[PDB]
file data_17.cif (mmCIF, C-alpha atoms and all ligand atoms)
data_structure
#
loop_
_atom_site.label_atom_id
_atom_site.label_comp_id
_atom_site.auth_asym_id
_atom_site.auth_seq_id
_atom_site.Cartn_x
_atom_site.Cartn_y
_atom_site.Cartn_z
CA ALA A 1 -53.76 31.38 -52.92
CA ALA A 2 -52.05 30.29 -49.70
CA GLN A 3 -51.77 26.90 -48.04
CA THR A 4 -50.76 27.17 -44.36
CA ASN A 5 -48.58 24.50 -42.73
CA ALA A 6 -47.53 23.01 -46.03
CA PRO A 7 -44.77 20.43 -46.37
CA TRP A 8 -41.43 22.23 -46.46
CA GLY A 9 -40.71 21.44 -50.12
CA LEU A 10 -43.93 23.02 -51.30
CA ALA A 11 -43.11 26.13 -49.26
CA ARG A 12 -39.57 26.15 -50.65
CA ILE A 13 -40.57 26.20 -54.31
CA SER A 14 -42.70 29.33 -53.70
CA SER A 15 -40.05 31.14 -51.64
CA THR A 16 -36.83 33.07 -52.21
CA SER A 17 -35.51 31.91 -48.82
CA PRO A 18 -35.57 28.66 -46.84
CA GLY A 19 -37.28 28.16 -43.53
CA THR A 20 -40.91 29.10 -44.26
CA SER A 21 -43.94 26.85 -44.17
CA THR A 22 -46.67 28.42 -46.34
CA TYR A 23 -47.16 27.46 -50.02
CA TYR A 24 -48.20 30.29 -52.36
CA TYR A 25 -49.60 29.58 -55.83
CA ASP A 26 -52.04 30.75 -58.47
CA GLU A 27 -55.46 29.18 -57.88
CA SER A 28 -55.53 27.81 -61.46
CA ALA A 29 -53.46 25.01 -59.91
CA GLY A 30 -52.68 23.11 -63.06
CA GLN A 31 -56.31 22.70 -64.17
CA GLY A 32 -56.43 21.51 -67.79
CA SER A 33 -52.98 19.85 -67.70
CA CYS A 34 -52.13 16.15 -67.34
CA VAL A 35 -49.21 14.41 -65.62
CA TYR A 36 -48.29 10.78 -66.32
CA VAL A 37 -46.52 9.11 -63.38
CA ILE A 38 -44.52 6.17 -64.74
CA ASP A 39 -43.76 4.01 -61.74
CA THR A 40 -45.15 1.28 -59.49
CA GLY A 41 -48.70 2.54 -60.07
CA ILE A 42 -51.03 4.86 -58.17
CA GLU A 43 -53.63 4.16 -55.46
CA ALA A 44 -56.36 6.08 -57.31
CA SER A 45 -58.89 5.68 -54.47
CA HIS A 46 -56.78 7.57 -51.94
CA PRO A 47 -58.95 10.51 -50.75
CA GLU A 48 -56.10 12.93 -51.40
CA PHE A 49 -56.49 12.53 -55.19
CA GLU A 50 -60.20 13.46 -55.19
CA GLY A 51 -61.06 11.41 -58.32
CA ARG A 52 -58.37 13.17 -60.39
CA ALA A 53 -56.13 10.06 -60.65
CA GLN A 54 -56.57 6.92 -62.74
CA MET A 55 -54.53 3.92 -63.86
CA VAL A 56 -54.31 3.70 -67.65
CA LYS A 57 -51.71 0.95 -68.22
CA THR A 58 -49.87 -1.92 -66.55
CA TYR A 59 -47.43 -4.62 -67.72
CA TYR A 60 -48.01 -6.99 -64.73
CA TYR A 61 -50.88 -9.17 -63.53
CA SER A 62 -52.32 -6.13 -61.69
CA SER A 63 -52.40 -2.35 -62.07
CA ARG A 64 -52.49 -1.68 -58.32
CA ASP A 65 -49.62 -0.03 -56.47
CA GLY A 66 -48.43 -2.71 -54.05
CA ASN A 67 -45.24 -0.77 -53.17
CA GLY A 68 -46.14 2.85 -52.34
CA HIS A 69 -43.35 4.58 -54.33
CA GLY A 70 -45.61 5.48 -57.25
CA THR A 71 -48.37 6.75 -54.96
CA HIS A 72 -45.91 8.98 -53.05
CA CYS A 73 -44.57 10.54 -56.29
CA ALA A 74 -48.10 11.12 -57.66
CA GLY A 75 -49.04 12.78 -54.33
CA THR A 76 -46.22 15.33 -54.71
CA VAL A 77 -47.40 16.17 -58.24
CA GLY A 78 -51.04 16.59 -57.57
CA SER A 79 -52.57 15.60 -54.26
CA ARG A 80 -54.73 18.23 -52.54
CA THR A 81 -52.56 18.55 -49.42
CA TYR A 82 -49.09 17.44 -50.55
CA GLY A 83 -49.17 18.32 -54.26
CA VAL A 84 -47.71 21.15 -56.31
CA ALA A 85 -50.46 21.25 -58.96
CA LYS A 86 -53.62 20.58 -56.98
CA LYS A 87 -56.09 20.50 -59.92
CA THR A 88 -54.05 18.56 -62.50
CA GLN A 89 -55.10 15.16 -63.91
CA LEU A 90 -52.83 12.23 -62.97
CA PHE A 91 -52.37 9.12 -65.13
CA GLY A 92 -50.61 6.01 -63.81
CA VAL A 93 -48.43 3.74 -65.92
CA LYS A 94 -47.15 0.69 -64.02
CA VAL A 95 -43.77 -0.22 -65.47
CA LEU A 96 -42.30 -1.35 -62.12
CA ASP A 97 -43.37 -4.38 -60.08
CA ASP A 98 -44.28 -4.17 -56.42
CA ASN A 99 -40.63 -4.72 -55.42
CA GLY A 100 -39.73 -1.57 -57.35
CA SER A 101 -37.99 -3.43 -60.18
CA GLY A 102 -38.61 -3.65 -63.92
CA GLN A 103 -36.79 -4.50 -67.15
CA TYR A 104 -35.55 -1.74 -69.43
CA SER A 105 -37.64 -3.19 -72.28
CA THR A 106 -40.79 -2.67 -70.17
CA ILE A 107 -39.87 0.93 -69.27
CA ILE A 108 -39.21 1.70 -72.93
CA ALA A 109 -42.64 0.36 -73.90
CA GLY A 110 -44.22 2.57 -71.21
CA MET A 111 -42.59 5.74 -72.52
CA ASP A 112 -43.77 5.00 -76.08
CA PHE A 113 -47.19 4.25 -74.61
CA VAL A 114 -47.44 7.75 -73.13
CA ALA A 115 -46.40 9.47 -76.37
CA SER A 116 -49.42 7.84 -78.00
CA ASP A 117 -51.89 7.78 -75.12
CA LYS A 118 -51.78 11.57 -74.73
CA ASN A 119 -53.82 11.68 -77.98
CA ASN A 120 -56.62 9.80 -76.15
CA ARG A 121 -56.85 12.28 -73.23
CA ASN A 122 -58.06 15.84 -72.75
CA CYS A 123 -55.06 17.99 -71.76
CA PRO A 124 -55.49 21.38 -73.47
CA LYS A 125 -52.88 23.14 -71.30
CA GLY A 126 -50.26 20.45 -71.90
CA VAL A 127 -48.77 17.13 -70.90
CA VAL A 128 -45.97 16.15 -68.49
CA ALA A 129 -44.31 12.82 -67.67
CA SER A 130 -42.63 12.17 -64.31
CA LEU A 131 -39.95 9.43 -64.20
CA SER A 132 -38.62 8.66 -60.71
CA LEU A 133 -36.50 5.69 -61.80
CA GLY A 134 -33.09 4.98 -63.25
CA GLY A 135 -30.25 2.55 -63.77
CA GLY A 136 -27.00 2.10 -65.63
CA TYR A 137 -26.42 3.83 -68.91
CA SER A 138 -28.52 2.61 -71.81
CA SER A 139 -28.62 4.35 -75.17
CA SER A 140 -32.00 2.72 -75.94
CA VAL A 141 -33.53 4.03 -72.69
CA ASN A 142 -32.12 7.48 -73.45
CA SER A 143 -33.54 7.43 -76.98
CA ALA A 144 -36.95 6.43 -75.64
CA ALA A 145 -37.02 9.42 -73.26
CA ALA A 146 -35.92 11.67 -76.17
CA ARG A 147 -38.77 10.41 -78.38
CA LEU A 148 -41.26 11.12 -75.60
CA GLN A 149 -39.97 14.69 -75.18
CA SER A 150 -39.98 15.22 -78.97
CA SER A 151 -43.58 14.06 -79.19
CA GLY A 152 -44.64 17.02 -77.07
CA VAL A 153 -44.45 15.85 -73.40
CA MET A 154 -42.35 17.66 -70.81
CA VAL A 155 -40.12 14.86 -69.50
CA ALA A 156 -38.71 15.16 -65.97
CA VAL A 157 -36.37 12.44 -64.71
CA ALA A 158 -34.53 11.74 -61.48
CA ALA A 159 -30.77 12.20 -61.41
CA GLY A 160 -30.21 9.13 -59.21
CA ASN A 161 -29.00 8.53 -55.67
CA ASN A 162 -25.38 7.39 -55.99
CA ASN A 163 -23.60 10.62 -55.05
CA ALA A 164 -21.93 10.29 -58.45
CA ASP A 165 -21.92 11.90 -61.87
CA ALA A 166 -25.27 11.28 -63.54
CA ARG A 167 -23.62 10.83 -66.96
CA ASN A 168 -23.42 7.08 -66.20
CA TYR A 169 -27.16 6.55 -65.57
CA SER A 170 -30.27 6.44 -67.76
CA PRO A 171 -32.51 8.21 -68.54
CA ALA A 172 -30.80 10.81 -66.33
CA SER A 173 -27.96 11.27 -68.82
CA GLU A 174 -30.24 12.11 -71.77
CA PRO A 175 -29.63 15.81 -72.58
CA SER A 176 -33.04 16.65 -74.10
CA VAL A 177 -35.08 15.80 -70.94
CA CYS A 178 -35.18 17.57 -67.55
CA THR A 179 -32.79 15.91 -65.07
CA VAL A 180 -33.60 16.67 -61.42
CA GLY A 181 -31.29 16.56 -58.40
CA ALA A 182 -32.30 16.75 -54.75
CA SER A 183 -31.83 19.33 -52.01
CA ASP A 184 -32.75 19.45 -48.32
CA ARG A 185 -34.57 21.92 -46.09
CA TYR A 186 -31.29 23.73 -45.25
CA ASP A 187 -30.49 24.44 -48.93
CA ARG A 188 -27.79 21.80 -49.10
CA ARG A 189 -27.45 19.27 -51.89
CA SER A 190 -28.91 16.06 -50.43
CA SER A 191 -25.98 13.86 -49.47
CA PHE A 192 -27.07 11.05 -51.85
CA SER A 193 -27.95 13.18 -54.88
CA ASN A 194 -26.12 12.62 -58.13
CA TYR A 195 -24.57 15.70 -59.76
CA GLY A 196 -22.83 16.75 -62.96
CA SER A 197 -23.13 18.94 -66.00
CA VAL A 198 -26.12 16.90 -67.21
CA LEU A 199 -28.26 18.16 -64.33
CA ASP A 200 -30.75 20.90 -65.21
CA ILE A 201 -32.35 21.82 -61.86
CA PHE A 202 -32.73 20.85 -58.18
CA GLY A 203 -35.90 20.36 -56.20
CA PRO A 204 -36.80 19.31 -52.65
CA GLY A 205 -35.73 15.72 -52.08
CA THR A 206 -34.92 14.96 -48.45
CA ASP A 207 -37.69 14.12 -45.92
CA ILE A 208 -40.67 14.70 -48.23
CA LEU A 209 -44.18 14.04 -46.87
CA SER A 210 -46.75 12.71 -49.36
CA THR A 211 -49.41 10.04 -49.91
CA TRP A 212 -48.85 6.29 -49.36
CA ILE A 213 -50.89 3.15 -50.01
CA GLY A 214 -53.60 2.05 -47.60
CA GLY A 215 -54.89 5.63 -47.54
CA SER A 216 -51.93 6.72 -45.38
CA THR A 217 -48.99 9.16 -45.59
CA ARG A 218 -45.24 9.04 -44.90
CA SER A 219 -41.98 10.96 -45.40
CA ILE A 220 -39.15 9.52 -47.53
CA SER A 221 -36.06 10.84 -49.37
CA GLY A 222 -34.51 10.65 -52.85
CA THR A 223 -34.14 12.25 -56.25
CA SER A 224 -37.39 10.29 -56.82
CA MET A 225 -39.16 12.87 -54.58
CA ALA A 226 -37.44 15.87 -56.12
CA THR A 227 -38.53 14.92 -59.67
CA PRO A 228 -42.30 15.30 -59.15
CA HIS A 229 -41.87 18.76 -57.60
CA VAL A 230 -40.54 19.81 -61.01
CA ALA A 231 -43.10 17.76 -62.96
CA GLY A 232 -45.88 19.44 -61.02
CA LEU A 233 -44.25 22.85 -61.35
CA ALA A 234 -44.10 22.32 -65.15
CA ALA A 235 -47.82 21.48 -65.33
CA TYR A 236 -48.63 24.53 -63.19
CA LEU A 237 -46.65 26.97 -65.39
CA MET A 238 -48.03 25.47 -68.61
CA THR A 239 -51.56 26.03 -67.27
CA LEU A 240 -50.60 29.68 -66.68
CA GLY A 241 -49.41 30.00 -70.29
CA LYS A 242 -45.85 30.85 -69.27
CA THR A 243 -44.13 28.04 -71.20
CA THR A 244 -44.68 24.98 -73.40
CA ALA A 245 -43.70 21.34 -73.05
CA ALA A 246 -40.72 21.93 -75.33
CA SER A 247 -39.18 24.82 -73.33
CA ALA A 248 -40.44 24.23 -69.80
CA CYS A 249 -37.14 22.82 -68.49
CA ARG A 250 -35.31 25.85 -69.86
CA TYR A 251 -37.96 28.20 -68.47
CA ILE A 252 -37.72 26.62 -65.00
CA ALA A 253 -33.91 27.01 -65.08
CA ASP A 254 -34.21 30.62 -66.33
CA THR A 255 -36.53 31.52 -63.45
CA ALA A 256 -34.98 29.45 -60.65
CA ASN A 257 -33.44 30.66 -57.40
CA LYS A 258 -29.71 30.95 -58.28
CA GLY A 259 -26.71 30.39 -56.03
CA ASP A 260 -28.66 29.38 -52.91
CA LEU A 261 -27.45 25.79 -52.52
CA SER A 262 -24.36 24.56 -50.72
CA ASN A 263 -22.32 21.44 -51.40
CA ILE A 264 -22.73 21.84 -55.17
CA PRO A 265 -19.67 20.42 -57.03
CA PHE A 266 -17.84 22.72 -59.47
CA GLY A 267 -19.47 22.32 -62.89
CA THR A 268 -22.98 21.43 -61.61
CA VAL A 269 -25.75 24.03 -61.87
CA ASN A 270 -26.70 25.90 -58.67
CA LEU A 271 -30.40 26.33 -59.48
CA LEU A 272 -33.45 25.60 -57.32
CA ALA A 273 -36.91 25.38 -58.84
CA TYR A 274 -39.14 28.36 -58.02
CA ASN A 275 -42.69 29.22 -59.09
CA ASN A 276 -42.11 33.00 -58.97
CA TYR A 277 -45.64 33.61 -57.63
CA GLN A 278 -46.11 37.21 -56.46
CA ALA A 279 -49.28 37.05 -54.39
CA CA A 301 -47.23 4.68 -61.55
CA CA A 302 -30.87 16.19 -69.05
CL CL A 303 -42.27 10.47 -60.51
CL CL A 304 -31.40 18.60 -70.04
CL CL A 305 -29.81 27.78 -55.91
#

call {"tool": "encode", "arguments": {"input": "data_17.cif", "output": "structure tokens"}}
result
Amino acid sequence: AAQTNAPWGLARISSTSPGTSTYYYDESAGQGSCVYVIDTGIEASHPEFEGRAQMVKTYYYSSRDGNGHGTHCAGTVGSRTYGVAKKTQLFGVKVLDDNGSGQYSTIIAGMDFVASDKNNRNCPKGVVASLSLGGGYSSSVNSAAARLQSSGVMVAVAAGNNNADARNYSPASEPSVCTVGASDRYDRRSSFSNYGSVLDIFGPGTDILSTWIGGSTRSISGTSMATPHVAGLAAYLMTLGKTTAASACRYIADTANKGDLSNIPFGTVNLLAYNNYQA
């Protein structure tokens, strides 16, 4: 399949070279997989989600996304126009309040919630969790993300936006999950992206167009926006039978575009997620 005039990051993950604007993908499109977006919530009624999104859990007075961040991330996973995996099922877990903040104890509960809740849902091709959030190092937050991976969910997390080594942030620094840095449309490391040997992969992160609350759209930047490109790519490859939740991060790194990025520090991987679709 081909989507003309796609956002640049969708085009980039289906291309060997930068500067193109069509997104190529197998029409299966993640059907039969499930992606949990663990964030400020999701505006499920946005037309772009087509009834494929729903809120399953909140820790605040409401389950609605009053911020936008969680809706934008979910749109990059799975919206019809701006999403990688256009037929996947999206589940929202609201661990962050509408200012974008939340306690580590709440985020830990949300991760253990997903490891159980997947047994209540129909996801025969597999289950992914997208975590576009982070803070200072916490061994309890890292262990929670490791449990979720071990339970059989592909866990993708954002490296963080400090232009610093990600070893000092959680859950970015947890080695068993998939830690995602950000690149821009010119195949440079985004100037804010964290780096380090704990990174696994890069995805598009600067100037990313996706869904927003109030049924709108906008373009914003961060490792937050890179992470759901990889989450959606995982769900897409799992639906194709190429990989499993346990090995998807390794499979994405195996099959990535290699050596294409500039401004990569010595000792950080030079790998850019790629769906390897041969039309
Ligand atoms: Ca959410
Ligand atoms: Ca990692
Ligand atoms: Cl996310
Ligand atoms: Cl890793
Ligand atoms: Cl690369």

call {"tool": "closest_atom_pairs", "arguments": {"input": "data_17.cif", "of": "chain A", "to": "ligand CA 301 (chain A)", "cutoff": "6 Å", "atoms": "all atoms listed in the file", "output": "Markdown table"}}
result
| residue | atom | partner | partner_atom | distance |
| --- | --- | --- | --- | --- |
| A:37 | CA | A:CA301 | CA | 4.8 |
| A:38 | CA | A:CA301 | CA | 4.4 |
| A:39 | CA | A:CA301 | CA | 3.5 |
| A:40 | CA | A:CA301 | CA | 4.5 |
| A:41 | CA | A:CA301 | CA | 3.0 |
| A:42 | CA | A:CA301 | CA | 5.1 |
| A:70 | CA | A:CA301 | CA | 4.7 |
| A:92 | CA | A:CA301 | CA | 4.3 |
| A:93 | CA | A:CA301 | CA | 4.6 |
| A:94 | CA | A:CA301 | CA | 4.7 |

call {"tool": "closest_residue", "arguments": {"input": "data_17.cif", "among": "A:203, A:68, A:152, A:124", "to": "residue 14 (chain A)", "atoms": "all atoms listed in the file"}}
result
A:203

call {"tool": "closest_atom_pairs", "arguments": {"input": "data_17.cif", "of": "chain A", "to": "ligand CL 304 (chain A)", "cutoff": "12 Å", "atoms": "all atoms listed in the file", "output": "JSON lines"}}
result
{"residue": "A:142", "atom": "CA", "partner": "A:CL304", "partner_atom": "CL", "distance": 11.7}
{"residue": "A:145", "atom": "CA", "partner": "A:CL304", "partner_atom": "CL", "distance": 11.2}
{"residue": "A:146", "atom": "CA", "partner": "A:CL304", "partner_atom": "CL", "distance": 10.3}
{"residue": "A:149", "atom": "CA", "partner": "A:CL304", "partner_atom": "CL", "distance": 10.7}
{"residue": "A:154", "atom": "CA", "partner": "A:CL304", "partner_atom": "CL", "distance": 11.0}
{"residue": "A:155", "atom": "CA", "partner": "A:CL304", "partner_atom": "CL", "distance": 9.5}
{"residue": "A:156", "atom": "CA", "partner": "A:CL304", "partner_atom": "CL", "distance": 9.0}
{"residue": "A:157", "atom": "CA", "partner": "A:CL304", "partner_atom": "CL", "distance": 9.5}
{"residue": "A:158", "atom": "CA", "partner": "A:CL304", "partner_atom": "CL", "distance": 11.4}
{"residue": "A:159", "atom": "CA", "partner": "A:CL304", "partner_atom": "CL", "distance": 10.8}
{"residue": "A:166", "atom": "CA", "partner": "A:CL304", "partner_atom": "CL", "distance": 11.6}
{"residue": "A:167", "atom": "CA", "partner": "A:CL304", "partner_atom": "CL", "distance": 11.4}
{"residue": "A:171", "atom": "CA", "partner": "A:CL304", "partner_atom": "CL", "distance": 10.6}
{"residue": "A:172", "atom": "CA", "partner": "A:CL304", "partner_atom": "CL", "distance": 8.6}
{"residue": "A:173", "atom": "CA", "partner": "A:CL304", "partner_atom": "CL", "distance": 8.2}
{"residue": "A:174", "atom": "CA", "partner": "A:CL304", "partner_atom": "CL", "distance": 6.8}
{"residue": "A:175", "atom": "CA", "partner": "A:CL304", "partner_atom": "CL", "distance": 4.2}
{"residue": "A:176", "atom": "CA", "partner": "A:CL304", "partner_atom": "CL", "distance": 4.8}
{"residue": "A:177", "atom": "CA", "partner": "A:CL304", "partner_atom": "CL", "distance": 4.7}
{"residue": "A:178", "atom": "CA", "partner": "A:CL304", "partner_atom": "CL", "distance": 4.6}
{"residue": "A:179", "atom": "CA", "partner": "A:CL304", "partner_atom": "CL", "distance": 5.8}
{"residue": "A:180", "atom": "CA", "partner": "A:CL304", "partner_atom": "CL", "distance": 9.1}
{"residue": "A:181", "atom": "CA", "partner": "A:CL304", "partner_atom": "CL", "distance": 11.8}
{"residue": "A:196", "atom": "CA", "partner": "A:CL304", "partner_atom": "CL", "distance": 11.3}
{"residue": "A:197", "atom": "CA", "partner": "A:CL304", "partner_atom": "CL", "distance": 9.2}
{"residue": "A:198", "atom": "CA", "partner": "A:CL304", "partner_atom": "CL", "distance": 6.2}
{"residue": "A:199", "atom": "CA", "partner": "A:CL304", "partner_atom": "CL", "distance": 6.5}
{"residue": "A:200", "atom": "CA", "partner": "A:CL304", "partner_atom": "CL", "distance": 5.4}
{"residue": "A:201", "atom": "CA", "partner": "A:CL304", "partner_atom": "CL", "distance": 8.8}
{"residue": "A:246", "atom": "CA", "partner": "A:CL304", "partner_atom": "CL", "distance": 11.2}
{"residue": "A:247", "atom": "CA", "partner": "A:CL304", "partner_atom": "CL", "distance": 10.5}
{"residue": "A:248", "atom": "CA", "partner": "A:CL304", "partner_atom": "CL", "distance": 10.7}
{"residue": "A:249", "atom": "CA", "partner": "A:CL304", "partner_atom": "CL", "distance": 7.3}
{"residue": "A:250", "atom": "CA", "partner": "A:CL304", "partner_atom": "CL", "distance": 8.2}
{"residue": "A:251", "atom": "CA", "partner": "A:CL304", "partner_atom": "CL", "distance": 11.7}
{"residue": "A:252", "atom": "CA", "partner": "A:CL304", "partner_atom": "CL", "distance": 11.4}
{"residue": "A:253", "atom": "CA", "partner": "A:CL304", "partner_atom": "CL", "distance": 10.1}
{"residue": "A:269", "atom": "CA", "partner": "A:CL304", "partner_atom": "CL", "distance": 11.3}

call {"tool": "closest_atom_pairs", "arguments": {"input": "data_17.cif", "of": "chain A", "to": "ligand CL 303 (chain A)", "cutoff": "9 Å", "atoms": "all atoms listed in the file", "output": "Markdown table"}}
result
| residue | atom | partner | partner_atom | distance |
| --- | --- | --- | --- | --- |
| A:36 | CA | A:CL303 | CL | 8.4 |
| A:37 | CA | A:CL303 | CL | 5.3 |
| A:38 | CA | A:CL303 | CL | 6.4 |
| A:39 | CA | A:CL303 | CL | 6.7 |
| A:69 | CA | A:CL303 | CL | 8.6 |
| A:70 | CA | A:CL303 | CL | 6.8 |
| A:72 | CA | A:CL303 | CL | 8.4 |
| A:73 | CA | A:CL303 | CL | 4.8 |
| A:74 | CA | A:CL303 | CL | 6.5 |
| A:76 | CA | A:CL303 | CL | 8.5 |
| A:77 | CA | A:CL303 | CL | 8.0 |
| A:129 | CA | A:CL303 | CL | 7.8 |
| A:130 | CA | A:CL303 | CL | 4.2 |
| A:131 | CA | A:CL303 | CL | 4.5 |
| A:132 | CA | A:CL303 | CL | 4.1 |
| A:133 | CA | A:CL303 | CL | 7.6 |
| A:156 | CA | A:CL303 | CL | 8.0 |
| A:157 | CA | A:CL303 | CL | 7.5 |
| A:158 | CA | A:CL303 | CL | 7.9 |
| A:224 | CA | A:CL303 | CL | 6.1 |
| A:225 | CA | A:CL303 | CL | 7.1 |
| A:226 | CA | A:CL303 | CL | 8.5 |
| A:227 | CA | A:CL303 | CL | 5.9 |
| A:228 | CA | A:CL303 | CL | 5.0 |
| A:229 | CA | A:CL303 | CL | 8.8 |
| A:231 | CA | A:CL303 | CL | 7.7 |

call {"tool": "atom_distance", "arguments": {"input": "data_17.cif", "atom1": "CA of residue 202 (chain A)", "atom2": "CA of residue 187 (chain A)"}}
result
10.2 Å

call {"tool": "residues_around", "arguments": {"input": "data_17.cif", "residues": "residue 238 (chain A)", "least_positions_apart": "5", "cutoff": "10 Å", "atoms": "all atoms listed in the file", "output": "PDB file with C-alpha atoms, keeping the file's coordinate frame"}}
result
ATOM      1  CA  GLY A  30     -52.680  23.110 -63.060  1.00  0.00           C
ATOM      2  CA  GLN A  31     -56.310  22.700 -64.170  1.00  0.00           C
ATOM      3  CA  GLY A  32     -56.430  21.510 -67.790  1.00  0.00           C
ATOM      4  CA  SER A  33     -52.980  19.850 -67.700  1.00  0.00           C
ATOM      5  CA  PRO A 124     -55.490  21.380 -73.470  1.00  0.00           C
ATOM      6  CA  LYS A 125     -52.880  23.140 -71.300  1.00  0.00           C
ATOM      7  CA  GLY A 126     -50.260  20.450 -71.900  1.00  0.00           C
ATOM      8  CA  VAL A 127     -48.770  17.130 -70.900  1.00  0.00           C
ATOM      9  CA  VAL A 128     -45.970  16.150 -68.490  1.00  0.00           C
ATOM     10  CA  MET A 154     -42.350  17.660 -70.810  1.00  0.00           C
ATOM     11  CA  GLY A 232     -45.880  19.440 -61.020  1.00  0.00           C
ATOM     12  CA  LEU A 233     -44.250  22.850 -61.350  1.00  0.00           C
ATOM     13  CA  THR A 243     -44.130  28.040 -71.200  1.00  0.00           C
ATOM     14  CA  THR A 244     -44.680  24.980 -73.400  1.00  0.00           C
ATOM     15  CA  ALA A 245     -43.700  21.340 -73.050  1.00  0.00           C
ATOM     16  CA  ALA A 248     -40.440  24.230 -69.800  1.00  0.00           C
TER      17      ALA A 248
END

call {"tool": "closest_residue", "arguments": {"input": "data_17.cif", "among": "A:239, A:49, A:75, A:23", "to": "residue 218 (chain A)", "atoms": "only C-alpha atoms"}}
result
A:75

call {"tool": "closest_residue", "arguments": {"input": "data_17.cif", "among": "A:59, A:186, A:192, A:277", "to": "ligand CL 305 (chain A)", "atoms": "all atoms listed in the file"}}
result
A:186

call {"tool": "closest_residue", "arguments": {"input": "data_17.cif", "among": "A:182, A:82, A:168, A:88", "to": "residue 236 (chain A)", "atoms": "all atoms listed in the file"}}
result
A:88

call {"tool": "residues_around", "arguments": {"input": "data_17.cif", "residues": "residue 58 (chain A)", "least_positions_apart": "2", "cutoff": "8 Å", "atoms": "only C-alpha atoms", "output": "compact mmCIF listing (two decimals) with C-alpha atoms, in the frame of the given file"}}
result
# COMPACT_ATOMS: atom_id res chain seq x y z
CA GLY A 41 -48.70 2.54 -60.07
CA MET A 55 -54.53 3.92 -63.86
CA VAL A 56 -54.31 3.70 -67.65
CA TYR A 60 -48.01 -6.99 -64.73
CA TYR A 61 -50.88 -9.17 -63.53
CA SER A 62 -52.32 -6.13 -61.69
CA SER A 63 -52.40 -2.35 -62.07
CA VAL A 93 -48.43 3.74 -65.92
CA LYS A 94 -47.15 0.69 -64.02
CA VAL A 95 -43.77 -0.22 -65.47

call {"tool": "closest_residue", "arguments": {"input": "data_17.cif", "among": "A:78, A:71, A:26, A:6", "to": "residue 216 (chain A)", "atoms": "only C-alpha atoms"}}
result
A:71

call {"tool": "residues_around", "arguments": {"input": "data_17.cif", "residues": "residue 80 (chain A)", "least_positions_apart": "2", "cutoff": "6 Å", "atoms": "all atoms listed in the file", "output": "MDAnalysis selection string"}}
result
chainID A and resid 48 83 86

call {"tool": "residues_around", "arguments": {"input": "data_17.cif", "residues": "residue 207 (chain A)", "least_positions_apart": "5", "cutoff": "7 Å", "atoms": "only C-alpha atoms", "output": "VMD selection string"}}
result
chain A and resid 219 to 221

call {"tool": "closest_residue", "arguments": {"input": "data_17.cif", "among": "A:169, A:8, A:111, A:103", "to": "ligand CA 302 (chain A)", "atoms": "all atoms listed in the file"}}
result
A:169

call {"tool": "atom_distance", "arguments": {"input": "data_17.cif", "atom1": "CA of residue 101 (chain A)", "atom2": "CA of residue 89 (chain A)"}}
result
25.5 Å

call {"tool": "atom_distance", "arguments": {"input": "data_17.cif", "atom1": "CA of residue 184 (chain A)", "atom2": "CA of residue 100 (chain A)"}}
result
23.9 Å

call {"tool": "residues_around", "arguments": {"input": "data_17.cif", "residues": "residue 161 (chain A)", "least_positions_apart": "5", "cutoff": "8 Å", "atoms": "only C-alpha atoms", "output": "MDAnalysis selection string"}}
result
chainID A and resid 192:194 222:223

call {"tool": "decode", "arguments": {"input": "data_17.cif", "residues": "region 225-235 of chain A", "atoms": "N, CA and C atoms", "output": "mmCIF file, in the first residue's frame"}}
result
data_model
loop_
_atom_site.group_PDB
_atom_site.id
_atom_site.type_symbol
_atom_site.label_atom_id
_atom_site.label_comp_id
_atom_site.auth_asym_id
_atom_site.auth_seq_id
_atom_site.Cartn_x
_atom_site.Cartn_y
_atom_site.Cartn_z
ATOM 1 N N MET A 225 7.698 11.734 20.693
ATOM 2 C CA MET A 225 7.131 11.528 19.356
ATOM 3 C C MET A 225 7.858 10.442 18.571
ATOM 4 N N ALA A 226 9.151 10.283 18.841
ATOM 5 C CA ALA A 226 9.911 9.175 18.296
ATOM 6 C C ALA A 226 9.427 7.827 18.831
ATOM 7 N N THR A 227 9.109 7.742 20.129
ATOM 8 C CA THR A 227 8.784 6.444 20.731
ATOM 9 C C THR A 227 7.617 5.760 20.041
ATOM 10 N N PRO A 228 6.504 6.437 19.765
ATOM 11 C CA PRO A 228 5.374 5.744 19.155
ATOM 12 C C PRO A 228 5.580 5.362 17.707
ATOM 13 N N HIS A 229 6.556 5.940 16.980
ATOM 14 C CA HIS A 229 6.900 5.395 15.670
ATOM 15 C C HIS A 229 7.382 3.949 15.822
ATOM 16 N N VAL A 230 8.195 3.699 16.852
ATOM 17 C CA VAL A 230 8.743 2.374 17.088
ATOM 18 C C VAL A 230 7.674 1.437 17.652
ATOM 19 N N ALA A 231 6.895 1.913 18.629
ATOM 20 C CA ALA A 231 5.751 1.147 19.120
ATOM 21 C C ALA A 231 4.858 0.691 17.967
ATOM 22 N N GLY A 232 4.474 1.618 17.093
ATOM 23 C CA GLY A 232 3.626 1.224 15.986
ATOM 24 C C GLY A 232 4.340 0.296 15.019
ATOM 25 N N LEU A 233 5.630 0.531 14.780
ATOM 26 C CA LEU A 233 6.386 -0.353 13.906
ATOM 27 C C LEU A 233 6.431 -1.772 14.491
ATOM 28 N N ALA A 234 6.620 -1.893 15.820
ATOM 29 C CA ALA A 234 6.588 -3.203 16.470
ATOM 30 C C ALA A 234 5.276 -3.927 16.202
ATOM 31 N N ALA A 235 4.143 -3.236 16.427
ATOM 32 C CA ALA A 235 2.834 -3.856 16.257
ATOM 33 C C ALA A 235 2.635 -4.309 14.812
#
